[PDB]
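Participant: Handing you this structure, nothing more for now.
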Amino acid sequence: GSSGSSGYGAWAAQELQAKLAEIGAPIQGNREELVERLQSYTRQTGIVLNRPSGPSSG
(Lines of atoms letter the chains of each structure in order from A and count residues from 1; the text may use other names and numbers.)
(Lines give C-alpha, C1' and ligand atoms only; values in the text may rest on other atoms or scores of the structure.)
Protein backbone atom coordinates (compact mmCIF):
# COMPACT_ATOMS: atom_id res chain seq x y z
CA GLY A 1 0.00 0.00 0.00
CA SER A 2 1.74 3.12 -1.29
CA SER A 3 0.31 6.62 -1.72
CA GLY A 4 0.77 6.93 -5.47
CA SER A 5 -0.52 10.15 -7.02
CA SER A 6 -0.20 11.52 -10.55
CA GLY A 7 1.26 14.91 -11.42
CA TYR A 8 4.35 16.55 -12.91
CA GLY A 9 5.50 18.02 -9.62
CA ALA A 10 8.14 15.62 -8.30
CA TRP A 11 9.99 16.42 -11.53
CA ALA A 12 12.74 19.04 -11.53
CA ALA A 13 13.09 22.35 -13.37
CA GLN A 14 15.75 20.67 -15.50
CA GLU A 15 13.59 17.64 -16.31
CA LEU A 16 10.45 19.63 -17.10
CA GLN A 17 12.43 22.12 -19.18
CA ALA A 18 14.14 19.28 -21.06
CA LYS A 19 10.88 17.67 -22.19
CA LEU A 20 9.25 20.95 -23.22
CA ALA A 21 12.23 21.83 -25.41
CA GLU A 22 12.26 18.21 -26.58
CA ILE A 23 8.79 18.54 -28.11
CA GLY A 24 9.80 21.93 -29.50
CA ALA A 25 8.22 24.05 -26.77
CA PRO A 26 9.64 27.16 -25.06
CA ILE A 27 11.21 26.49 -21.66
CA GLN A 28 10.54 30.04 -20.48
CA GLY A 29 8.75 30.78 -17.22
CA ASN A 30 8.67 29.56 -13.62
CA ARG A 31 8.36 25.97 -12.41
CA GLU A 32 4.58 26.30 -12.15
CA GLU A 33 4.28 27.69 -15.68
CA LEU A 34 6.26 24.71 -16.98
CA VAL A 35 4.26 22.16 -14.98
CA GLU A 36 0.89 23.53 -16.09
CA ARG A 37 2.13 23.49 -19.69
CA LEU A 38 2.99 19.78 -19.74
CA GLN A 39 -0.34 19.06 -18.06
CA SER A 40 -2.20 21.04 -20.72
CA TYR A 41 -0.31 19.41 -23.58
CA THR A 42 -0.91 15.82 -22.47
CA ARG A 43 -4.54 16.71 -21.79
CA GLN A 44 -4.99 18.21 -25.25
CA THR A 45 -2.89 15.84 -27.36
CA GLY A 46 -3.52 12.86 -25.10
CA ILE A 47 0.02 11.50 -24.94
CA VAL A 48 1.16 10.92 -21.36
CA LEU A 49 4.87 11.48 -20.77
CA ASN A 50 7.34 9.58 -18.58
CA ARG A 51 10.35 10.79 -16.58
CA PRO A 52 13.60 10.87 -18.60
CA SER A 53 16.33 8.23 -18.32
CA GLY A 54 13.78 6.03 -16.58
CA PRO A 55 12.61 2.75 -18.14
CA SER A 56 15.82 1.58 -19.81
CA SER A 57 18.48 -1.12 -19.53
CA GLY A 58 22.13 -1.20 -20.57
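Residue numbering for the sequence shown follows the numbering used here, starting at 5 and increasing by one per position. Beta carbons are placed, not taken as given, at the ideal position from N, Cα and C, and that holds for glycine.
(1) Taking all protein chains shown into account, do 16 or more other C-beta atoms lie within 10 angstroms of the C-beta of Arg55, making it buried, or fewer, making it exposed?
(2) I'd like to know whether the C-beta atoms of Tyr12 and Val39 end up nearer to each other than 8 Å.
(3) Are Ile31 and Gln43 close, meaning C-beta to C-beta below 8 Å?
(4) Can you tell me whether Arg41 is buried or exposed? The criterion is at least 16 other CB atoms within 10 Å of its CB, across all chains shown.
(5) What three-state label does DSSP hand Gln32 in the structure shown?
Facilitator: Reading off the structure:
(1) Residue burial is scored here from C-beta neighbours: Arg55 has fewer than 16 other C-beta atoms within 10 angstroms and is therefore classed as exposed.
(2) yes
(3) no
(4) buried
(5) coil
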